[PDB]
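Student: Attaching a single structure in structure tokens format; questions to follow.
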Amino acid sequence: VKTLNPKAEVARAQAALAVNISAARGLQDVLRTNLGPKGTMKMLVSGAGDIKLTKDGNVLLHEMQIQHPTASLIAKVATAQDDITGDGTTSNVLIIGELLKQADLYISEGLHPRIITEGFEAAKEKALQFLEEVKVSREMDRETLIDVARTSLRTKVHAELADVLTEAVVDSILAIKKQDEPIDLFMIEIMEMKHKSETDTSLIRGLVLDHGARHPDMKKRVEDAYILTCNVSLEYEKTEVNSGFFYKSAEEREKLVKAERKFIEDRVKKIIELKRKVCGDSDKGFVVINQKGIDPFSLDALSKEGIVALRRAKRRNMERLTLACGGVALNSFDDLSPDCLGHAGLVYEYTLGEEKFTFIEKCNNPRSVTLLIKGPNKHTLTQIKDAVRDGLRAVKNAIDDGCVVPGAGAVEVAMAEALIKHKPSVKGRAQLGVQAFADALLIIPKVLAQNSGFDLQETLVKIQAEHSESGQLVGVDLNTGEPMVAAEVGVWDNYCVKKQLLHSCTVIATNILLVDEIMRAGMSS
Amino acid sequence: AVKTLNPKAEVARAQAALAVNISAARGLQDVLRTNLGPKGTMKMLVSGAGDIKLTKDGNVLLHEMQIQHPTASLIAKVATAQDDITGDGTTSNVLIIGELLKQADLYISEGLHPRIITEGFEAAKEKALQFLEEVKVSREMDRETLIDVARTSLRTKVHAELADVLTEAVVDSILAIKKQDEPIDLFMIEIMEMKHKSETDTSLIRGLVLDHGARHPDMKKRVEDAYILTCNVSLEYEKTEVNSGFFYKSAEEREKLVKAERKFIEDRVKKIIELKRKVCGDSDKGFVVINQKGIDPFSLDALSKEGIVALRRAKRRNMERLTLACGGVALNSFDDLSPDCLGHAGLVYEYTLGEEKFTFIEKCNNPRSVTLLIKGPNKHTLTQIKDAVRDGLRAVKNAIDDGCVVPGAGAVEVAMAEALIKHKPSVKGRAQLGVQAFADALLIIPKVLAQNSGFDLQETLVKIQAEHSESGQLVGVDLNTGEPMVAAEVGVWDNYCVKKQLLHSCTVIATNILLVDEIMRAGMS
Amino acid sequence: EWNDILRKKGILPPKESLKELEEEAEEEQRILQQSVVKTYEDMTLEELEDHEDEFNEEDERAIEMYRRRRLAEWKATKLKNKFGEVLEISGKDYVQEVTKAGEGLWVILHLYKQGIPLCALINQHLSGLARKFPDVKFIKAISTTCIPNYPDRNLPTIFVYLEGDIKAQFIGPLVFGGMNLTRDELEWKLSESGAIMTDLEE
Amino acid sequence: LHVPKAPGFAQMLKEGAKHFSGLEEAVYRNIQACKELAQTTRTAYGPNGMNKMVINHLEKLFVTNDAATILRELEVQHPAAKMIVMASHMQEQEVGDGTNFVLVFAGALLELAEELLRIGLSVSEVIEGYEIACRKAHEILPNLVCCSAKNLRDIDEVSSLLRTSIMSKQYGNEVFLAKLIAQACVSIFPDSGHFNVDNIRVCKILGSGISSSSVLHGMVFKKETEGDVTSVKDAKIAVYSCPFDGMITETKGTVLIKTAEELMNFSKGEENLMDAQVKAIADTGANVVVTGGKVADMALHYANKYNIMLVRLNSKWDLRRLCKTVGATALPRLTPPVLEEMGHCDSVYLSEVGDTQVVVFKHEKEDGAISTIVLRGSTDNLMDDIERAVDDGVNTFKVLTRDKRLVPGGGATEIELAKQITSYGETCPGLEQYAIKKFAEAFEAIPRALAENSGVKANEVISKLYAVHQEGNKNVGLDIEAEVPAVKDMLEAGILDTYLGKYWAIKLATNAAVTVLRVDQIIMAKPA
């Protein structure tokens, strides 16, 4: 249809099919090399001369300059997966593309794709019940979550980073406001401190802030500090309603000038009075922090006082310190009591380069803490940030439910065998698709074979023939390839992960394979 | 790589080389599967000038489409060599090669370096070649054998009613041949191209037909019985090769020199007519003189003053044609003359076709040279019919050469498939894998036939393979109702040596394609 | 980046231009390669004498037609070979060949005074040329009887006439001076007059 | 808004390569293009057949109502157009008239084919149905003849027959051209065993219109006599295929002189030799000489002394034709001829025929193998139109010499065939009955044009003609310029047609139909 608009790309059925297949082939073949603790490491260059080192699939999708319909669908789906679960997203695209490749060999054999679609949905259902019956529970303990974190940390990064970060994450999830209610990491921030070794990143109880004394004449390290959380204007303000001063002499000038800095000074005297009432002498710490700014006048008025003040912090900083220090945030001075105050044990400052930092630690009962990443390279910092995000995601997906399934191909080969045996039940040429659907999961271990250096069919048949009378929970080894039981090393994976994996992959494959014609309309000649 | 040295060097890696070769071959096979079989599509190939040719012939199909790929170039080259040698089922060659590469693709998709597949294909080819040597049946040529061979092998490149009329005409054609000499070649038989009437009027001529008519309005339009004088003597005027001129003093001297100029043509004409009269000319004993050189109007009139028959400028092969049609001995000079050189023709006449005037000689007692006349609506149909008759006579020659006819229509290749499957657990290793697909290779041949017929592929295929497996005989493919049924009993065969060469060439080109590792455009720097 | 965004919006920098010139030049270079085989059968007139290395098939229609055109060409060109000796007509008749010399026939009207190796060598070269082009009217004479008391310091002067119109001039030895002057250079000059088509290095 | 094209066939094309595939691209496009082409020229070749004109690249004007010329000059970029025009050209090579019938029938059949492929039949089914209907039509057609051609010799029969081919031109005058053509053809036909269309030639003269054209048994040449003497009453004509000059050596006839008397009698001997030769040729007994080559002034002088008429021609065809006509003979030598080889004419007159000089040949014998037609008109396009009408008549006559079978006119035969083939195809098994019936129904397109041209309502008279065909009439057809539904017989009015022309037309049309419908894909290379 190049007549209604002479400049318009019109492609028929096979044209659309072939272009979708070629794009999927390219994408899947590119992404084969980016999974397992022995995947290939990718380097990317942005549009400025800035370099990021990634093993993440979504990063790769959204950093490639690729302009294509199917590639766009892939980017969106993987973005959603990374948002929700965010681990092993490679599996998504691998499954989708492999199913595309399979169904190609039969649609090319004249099989109209609808029948393959019903075959795939039946395979979905049967594998669903199989995974539901083979999913196994275990009480979440420290070592269980250690192994679960080791899984994802060998998935996305290398050995030593995994070694430190498993400990880091398992301690991170320990700190919680309510063990019996869902955790959230916005109370557990990540700050980048780019001056130390890759092995110097750790977890700090409390919070550390990037901005310090905007009126620097203050102390250097304070102890046993009371915390004031205010959200009031501590700088000079001009009323919204316009008006002006009028006088006739310099005496009126002095009077008006001295009376124009009265309200802010009244506020700071309120604060000083409250401080002295809460604690007098004995050098007890007393920290005031305002979300909004502080003018240099009141800044000096309080800096001559021993009080230390902080201004212009992040909006969620105060909201999390409300719980962290146990105080109550103040939004005006209409009433005040020491209860609204928070507390901390030791507070010190540390300088680096051009910026300084405020450390708040020794919390009485740390319910909000901070993860600090120290590394040389900014891209290294970002990669470690992705790693910690993946670790927290995995531990959350473990703790939220009470069930987990073996990984590394074990349950994959298990439902492969189960569906192969069940296929005699299902009918029609859709049966063939079921076989292809089976071949679907077969991509999962064999790429590891490609990621290990073994003959693919040899290891595949070893593991398949490993099946005793009962279904062995046997995966693929990472150093010998010989069949090995999953429970012995204890590496597993979350249930809803593979669940939504199957959901998304099946539906997107349906959408891809039902298409009939491609247009590029919308061109105004 | 070398691209560093040549900035204008196009380099395609080994995987890239395979990918592009496979894409080219897939395009070729997809457009060619539309051709072979009596149900293959008939296409329009038109050049820029508007020259239109409508064909079912794969070679002319190749050479009037727009080709761009060096691999496609090699495919066309080898297919053209095959068409040169025998010219039939040429599409089968390229389809086989393409699908062999496709199966090699399916397997290389799992690693599996292809040289093993090449050697396995060689071994399976050897075994299947011995199987073919066994399976072929021999029956000495006769009416039924050759008529059915032509009727079957003809429709690969032309329609039905033309096939029937051509079979009858070619049955009448190959009878003026020797008993045991194999005198058949294109040098000896001729094809007439005359846009005169519809297709229901094409016939054959045992005698000879020439496109040259009377040079003078006194000749004879029809000779009841003629004695033929083939001559290779220059009769037109010629210059003395030392450039001699006339030098005289009187106009009558000029007259005498003119007589001196003419004397030589005069005595040549005298000798010729004297021989004519001496043999005889009286009482409707026509005399015909055949020369391939020029004739002066002086000589023309001198010979035609008594109404002799003589013409000029025929094809040089027509002199062989006439020697083996009229029987008279050829000559190059009148140093030695004898009525032995005289040919004979039982009937000569003329019929002017439009601007062109035609002579016909026939009633040859022992004709060893025959010619074919075809008249059609226009140029494209006549070119198509000429190609069809050329390939049909090729097939007739191939049949009458040997005394072995292999069954056709799909039985022999499924037989090879099952036999190779039986031999497969003896090939010693993963090459069996290739051998497996190698069997699946031949799998295409009736599949395409099934594809062309519109029957669902797998059902009819498994029907055919089960029919062959249960029995030991060869069951053919139905082309009216798809129900499996043996084909040798309705008069269906194919040329044994042709398929031998086909398999040879297909395997050689398959390994040549699969063994590529680097594609270059070196040069133009 | 920014430059190509400019390109979509503006044309303030030029950098995407002139990439069609070499493209078209290479297209024509590849195109002009078929002229060698287009006229392979359309140039040589000895291909009939080149049997057994020129014959693959004879259609006898356009190829006998080629013989016919070739023989017409040959008779037309060899009917004109009537010259080859430079001739000495007298000044009395001079008016009758300056004008009545035939229309469509070039006339190389040579004027000279014998005695100088300049004029002698020029006469030698033109006489030898007559052996090659017998389709050209050569005229030699003494300019004194052709033009009364003609300046003897203005020889040899080459005249090129046709239908009484001077087409080419070569006056005195100022354009022929030097014994090093040769056969081919004279032929080159007369070709440059527009009478002959040949090729020379310089 | 970024999408490439499919790798594969779409990516191995040349830059200028174009392609159409399947029922979608190739089939609908060529069917619509063919319908366009058929509809372009669907308003001619009738009793009212409206002539259409065109300008060519050569900037020559052409006003034609037979599709042949107008399509042959027109150029296309559609291959199916090349197919249909080549089909028309083949018809022309067969007979050479009614080039609009094939176009209309092809358009109708391609419309019906597009409809049937819309229905969803296999190409093979429709093609075989059409072929079955084709051969059935071939079989039934000869059973429909009436009043075949008797003699091809009498004059009134020639008028009555060829006028039918003439109505396609010059609606306002019929009998005049009938007289002209009938007289000329009866004069020219040997009536025994043979004929050639070349045996008749015509001559055009600018000036007065058709009212003053004529036919002369004897050629027309514009040439002027070299000698003063012209126009003897009836005399002998000596013809020399060789040039009129004396014996010249085909090599160089140079002469060398050693002494004076050689020069003294050089020209004397030359003149004496040519004097003797010309004297002998004069003594042959004739007074008329028509040479082939150039003429010698001194030999012309002797001819003056011998009072000889001289004419020189240019066409060798004309020379041999003269030999046929006046009994002339070709002599390639200057030797005097024999009286057996002599030319004869009852009148060779050099005259003025409209302020253009003419050499007219006329015989009271009314003999000759060629007779010329002098044409009179005021514009070259009128010459072309009258020559087209004359050609239609004379080729009708030529093809009717043999194949003397006749067919009714007025379109009744096509409707008879439609009704009969539909009745037969009502019983066809399989899925080909639709094809066989639509083949027959396609015979309503010709009367569609025949009714749209004459200014009458088409469908009303079509229904009436079907109603009367139910009564079984092969001779009832439309009344010309009726403006009101009215039909009557055609054999009464001599409105007839040839069998062979229609037979070739339908055969070629079916061949083209099967040809085009068998096409399944179209590939175009880079344009020239």
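Each chain of the structure tokens is named A, B, ... in the order shown, its residues numbered from 1; ligands are numbered from 1 in display order.
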Please identify which residues in region 163-305 of chain B DSSP calls helix (DSSP H, G or I) from the backbone, and express them as a ChimeraX atom specification.

Tutor: /B:163-173,199-201,251-279,297-304

Student: Keeping only N, CA and C atoms, write those residues as a compact mmCIF listing (two decimals), in the first residue's frame.

Tutor:
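Output (result.txt):
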```
# COMPACT_ATOMS: atom_id res chain seq x y z
N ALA B 163 2.79 -30.48 -23.90
CA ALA B 163 3.57 -31.67 -23.60
C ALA B 163 3.11 -32.86 -24.43
N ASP B 164 1.80 -33.04 -24.57
CA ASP B 164 1.28 -34.17 -25.34
C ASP B 164 1.65 -34.06 -26.81
N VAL B 165 1.39 -32.89 -27.41
CA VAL B 165 1.71 -32.72 -28.83
C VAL B 165 3.21 -32.83 -29.06
N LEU B 166 4.01 -32.31 -28.12
CA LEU B 166 5.46 -32.41 -28.23
C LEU B 166 5.91 -33.86 -28.14
N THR B 167 5.28 -34.64 -27.26
CA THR B 167 5.65 -36.04 -27.14
C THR B 167 5.37 -36.78 -28.44
N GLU B 168 4.21 -36.54 -29.04
CA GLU B 168 3.93 -37.18 -30.32
C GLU B 168 4.93 -36.74 -31.39
N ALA B 169 5.21 -35.44 -31.45
CA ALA B 169 6.12 -34.92 -32.47
C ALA B 169 7.54 -35.45 -32.27
N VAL B 170 7.97 -35.60 -31.02
CA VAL B 170 9.32 -36.07 -30.75
C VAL B 170 9.42 -37.58 -30.91
N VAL B 171 8.31 -38.30 -30.71
CA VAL B 171 8.28 -39.71 -31.07
C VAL B 171 8.49 -39.86 -32.57
N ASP B 172 7.78 -39.05 -33.35
CA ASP B 172 8.05 -39.03 -34.78
C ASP B 172 9.43 -38.47 -35.10
N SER B 173 10.04 -37.74 -34.17
CA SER B 173 11.30 -37.06 -34.45
C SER B 173 12.47 -38.04 -34.40
N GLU B 199 -0.58 -22.54 -31.71
CA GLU B 199 0.21 -23.69 -31.28
C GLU B 199 -0.33 -25.01 -31.79
N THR B 200 -1.60 -25.06 -32.21
CA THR B 200 -2.18 -26.30 -32.70
C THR B 200 -1.70 -26.67 -34.09
N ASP B 201 -0.72 -25.96 -34.65
CA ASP B 201 -0.25 -26.21 -36.00
C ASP B 201 1.21 -26.62 -36.07
N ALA B 251 37.18 2.62 -77.53
CA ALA B 251 36.00 2.17 -76.81
C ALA B 251 35.68 0.71 -77.12
N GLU B 252 35.89 0.29 -78.36
CA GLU B 252 35.71 -1.12 -78.69
C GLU B 252 36.72 -1.99 -77.94
N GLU B 253 37.90 -1.45 -77.64
CA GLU B 253 38.82 -2.15 -76.75
C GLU B 253 38.19 -2.33 -75.38
N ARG B 254 37.49 -1.31 -74.90
CA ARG B 254 36.75 -1.42 -73.64
C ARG B 254 35.70 -2.52 -73.73
N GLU B 255 35.02 -2.62 -74.88
CA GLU B 255 34.05 -3.70 -75.08
C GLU B 255 34.72 -5.07 -74.98
N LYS B 256 35.85 -5.24 -75.66
CA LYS B 256 36.55 -6.51 -75.64
C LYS B 256 37.03 -6.85 -74.23
N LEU B 257 37.49 -5.84 -73.49
CA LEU B 257 37.91 -6.08 -72.12
C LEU B 257 36.73 -6.46 -71.24
N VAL B 258 35.54 -5.92 -71.51
CA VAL B 258 34.35 -6.34 -70.78
C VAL B 258 34.04 -7.81 -71.06
N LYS B 259 34.13 -8.21 -72.33
CA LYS B 259 33.92 -9.62 -72.65
C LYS B 259 34.95 -10.50 -71.93
N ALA B 260 36.20 -10.05 -71.91
CA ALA B 260 37.25 -10.77 -71.21
C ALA B 260 36.94 -10.88 -69.72
N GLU B 261 36.36 -9.82 -69.15
CA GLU B 261 35.94 -9.85 -67.76
C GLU B 261 34.88 -10.92 -67.53
N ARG B 262 33.92 -11.03 -68.45
CA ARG B 262 32.78 -11.91 -68.23
C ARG B 262 33.06 -13.37 -68.57
N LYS B 263 34.11 -13.66 -69.34
CA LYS B 263 34.31 -15.01 -69.85
C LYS B 263 34.35 -16.07 -68.75
N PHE B 264 34.88 -15.74 -67.58
CA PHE B 264 35.06 -16.76 -66.55
C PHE B 264 33.73 -17.17 -65.92
N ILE B 265 32.88 -16.20 -65.59
CA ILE B 265 31.55 -16.59 -65.14
C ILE B 265 30.82 -17.32 -66.27
N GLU B 266 31.08 -16.92 -67.52
CA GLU B 266 30.42 -17.58 -68.64
C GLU B 266 30.77 -19.06 -68.70
N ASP B 267 32.06 -19.42 -68.56
CA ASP B 267 32.40 -20.83 -68.73
C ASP B 267 32.03 -21.64 -67.49
N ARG B 268 32.06 -21.02 -66.30
CA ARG B 268 31.52 -21.73 -65.13
C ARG B 268 30.04 -22.06 -65.32
N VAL B 269 29.25 -21.07 -65.76
CA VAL B 269 27.83 -21.28 -66.01
C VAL B 269 27.64 -22.33 -67.10
N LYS B 270 28.48 -22.28 -68.13
CA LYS B 270 28.42 -23.26 -69.21
C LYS B 270 28.61 -24.67 -68.68
N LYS B 271 29.63 -24.87 -67.85
CA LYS B 271 29.89 -26.19 -67.28
C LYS B 271 28.70 -26.66 -66.46
N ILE B 272 28.15 -25.77 -65.63
CA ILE B 272 27.06 -26.18 -64.75
C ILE B 272 25.84 -26.58 -65.56
N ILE B 273 25.42 -25.73 -66.50
CA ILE B 273 24.22 -26.05 -67.27
C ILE B 273 24.46 -27.26 -68.17
N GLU B 274 25.69 -27.44 -68.65
CA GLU B 274 25.99 -28.60 -69.47
C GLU B 274 25.84 -29.88 -68.67
N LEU B 275 26.35 -29.90 -67.44
CA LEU B 275 26.13 -31.05 -66.58
C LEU B 275 24.65 -31.26 -66.33
N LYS B 276 23.92 -30.17 -66.08
CA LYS B 276 22.48 -30.25 -65.86
C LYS B 276 21.78 -30.95 -67.02
N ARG B 277 22.02 -30.47 -68.24
CA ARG B 277 21.36 -31.05 -69.41
C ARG B 277 21.83 -32.48 -69.65
N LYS B 278 23.12 -32.74 -69.44
CA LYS B 278 23.65 -34.07 -69.69
C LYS B 278 23.01 -35.11 -68.78
N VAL B 279 22.82 -34.77 -67.51
CA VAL B 279 22.14 -35.71 -66.63
C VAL B 279 20.71 -35.85 -67.13
N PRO B 297 24.14 -10.83 -60.66
CA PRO B 297 22.94 -10.78 -61.50
C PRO B 297 23.21 -11.27 -62.91
N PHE B 298 24.43 -11.08 -63.42
CA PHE B 298 24.81 -11.68 -64.69
C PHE B 298 24.70 -13.20 -64.62
N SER B 299 25.34 -13.80 -63.61
CA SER B 299 25.26 -15.25 -63.44
C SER B 299 23.83 -15.67 -63.12
N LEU B 300 23.13 -14.88 -62.31
CA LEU B 300 21.74 -15.18 -61.98
C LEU B 300 20.90 -15.30 -63.24
N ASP B 301 20.98 -14.29 -64.11
CA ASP B 301 20.20 -14.31 -65.34
C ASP B 301 20.67 -15.42 -66.27
N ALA B 302 21.98 -15.64 -66.36
CA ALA B 302 22.50 -16.67 -67.26
C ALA B 302 21.96 -18.04 -66.87
N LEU B 303 21.95 -18.34 -65.57
CA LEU B 303 21.42 -19.62 -65.11
C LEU B 303 19.90 -19.67 -65.15
N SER B 304 19.22 -18.54 -64.97
CA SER B 304 17.77 -18.53 -64.90
C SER B 304 17.09 -18.36 -66.25
```

Student: Counting only C-alpha atoms, which residues from chain A have an atom at most 10 Å from any atom of chain B, and could you show them as a list in words?

Tutor: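 The answer, sorted by residue number, is residues 105, 109, 110, 111, 429, 446, 447, 450, 455, 456 and 457 of chain A.
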
Student: Please, which residues in chain C fall within 12 Å of chain D when counting only C-alpha atoms, and what is the closest atom pair and distance in Å to one decimal for each, ordered by chain then residue number, as a Markdown table?

Tutor:
```
| residue | atom | partner | partner_atom | distance |
| --- | --- | --- | --- | --- |
| C:75 | CA | D:250 | CA | 10.8 |
| C:78 | CA | D:251 | CA | 10.8 |
| C:79 | CA | D:252 | CA | 9.2 |
| C:80 | CA | D:252 | CA | 11.3 |
| C:81 | CA | D:252 | CA | 10.7 |
| C:82 | CA | D:252 | CA | 10.0 |
```

Student: Could you save the residues just selected, with N, CA and C atoms, as a PDB file, in the first residue's frame?

Tutor:
```pdb
ATOM      1  N   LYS C  75      33.324  -0.461 -51.440  1.00  0.00           N
ATOM      2  CA  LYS C  75      33.244   0.066 -52.797  1.00  0.00           C
ATOM      3  C   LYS C  75      33.221   1.590 -52.789  1.00  0.00           C
ATOM      4  N   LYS C  78      36.888   2.731 -52.019  1.00  0.00           N
ATOM      5  CA  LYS C  78      37.901   2.435 -53.023  1.00  0.00           C
ATOM      6  C   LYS C  78      37.558   3.017 -54.387  1.00  0.00           C
ATOM      7  N   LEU C  79      36.342   3.534 -54.572  1.00  0.00           N
ATOM      8  CA  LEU C  79      36.052   4.241 -55.815  1.00  0.00           C
ATOM      9  C   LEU C  79      36.675   5.632 -55.857  1.00  0.00           C
ATOM     10  N   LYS C  80      37.251   6.102 -54.752  1.00  0.00           N
ATOM     11  CA  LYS C  80      37.794   7.449 -54.663  1.00  0.00           C
ATOM     12  C   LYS C  80      39.316   7.493 -54.720  1.00  0.00           C
ATOM     13  N   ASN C  81      39.986   6.344 -54.777  1.00  0.00           N
ATOM     14  CA  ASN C  81      41.449   6.303 -54.761  1.00  0.00           C
ATOM     15  C   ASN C  81      41.950   6.595 -56.170  1.00  0.00           C
ATOM     16  N   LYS C  82      42.101   7.881 -56.489  1.00  0.00           N
ATOM     17  CA  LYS C  82      42.482   8.306 -57.829  1.00  0.00           C
ATOM     18  C   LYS C  82      43.766   9.120 -57.881  1.00  0.00           C
TER      19      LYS C  82
END
```

Student: Using only C-alpha atoms, tabulate the residues of chain B lying at most 8 Å from any atom of chain C, each with its closest atom pair and that distance in Å to one decimal, by chain and increasing residue number, as a tab-separated table.

Tutor:
```
residue	atom	partner	partner_atom	distance
B:313	CA	C:60	CA	7.6
B:314	CA	C:60	CA	7.5
B:315	CA	C:60	CA	6.9
```

Student: List the spatial neighbours of region 469-485 of chain D as JSON, numbers by chain - criterion: any atom at most 6 Å away, only C-alpha atoms, same-chain residues fewer than 3 positions off excluded.

Tutor: {"D": [408, 410, 411, 412, 413, 454, 455, 456, 461, 465, 466, 488, 489, 490]}

Student: Between D:268, D:223, D:169, D:179, which one has atoms that come closest to chain B, using only C-alpha atoms?

Tutor: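 Ranking D:268, D:223, D:169, D:179 by distance to chain B, first place goes to D:268.
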
Student: Could you tell me which residues of chain B sit within 9 Å of chain D when counting only C-alpha atoms, and give me the result as a PyMOL selection string?

Tutor: chain B and resi 23-28+30-31+41-52+54+64-69+195-199+217+239+244-252+254-255+257-258+261+297-298+301+354+377-379+381

Student: Which residues of chain A are close to chain D, meaning at most 7 Å apart when you count only C-alpha atoms, and how do they look as a CSV table (one decimal) with N, CA, C and O atoms, in the first residue's frame?

Tutor:
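The result, written out as selection34.csv:
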```
chain,number,residue,atom,x,y,z
A,15,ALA,N,7.3,-10.8,5.2
A,15,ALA,CA,8.2,-9.8,5.5
A,15,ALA,C,8.3,-9.4,7.0
A,15,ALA,O,9.4,-9.4,7.5
A,18,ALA,N,9.8,-12.4,8.9
A,18,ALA,CA,11.3,-12.5,8.7
A,18,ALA,C,12.0,-11.4,9.5
A,18,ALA,O,13.1,-11.7,10.1
A,19,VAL,N,11.5,-10.2,9.4
A,19,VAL,CA,12.3,-9.1,10.1
A,19,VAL,C,12.2,-9.3,11.6
A,19,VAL,O,13.2,-9.1,12.3
A,67,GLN,N,16.8,1.0,16.7
A,67,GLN,CA,15.6,1.6,16.3
A,67,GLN,C,14.7,0.5,15.7
A,67,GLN,O,14.7,0.4,14.4
A,68,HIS,N,14.0,-0.2,16.5
A,68,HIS,CA,13.2,-1.3,15.9
A,68,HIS,C,12.0,-1.7,16.7
A,68,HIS,O,12.0,-1.5,17.9
A,520,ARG,N,4.5,1.8,8.3
A,520,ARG,CA,5.2,3.0,8.8
A,520,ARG,C,4.4,4.2,8.4
A,520,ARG,O,5.0,5.2,8.0
```
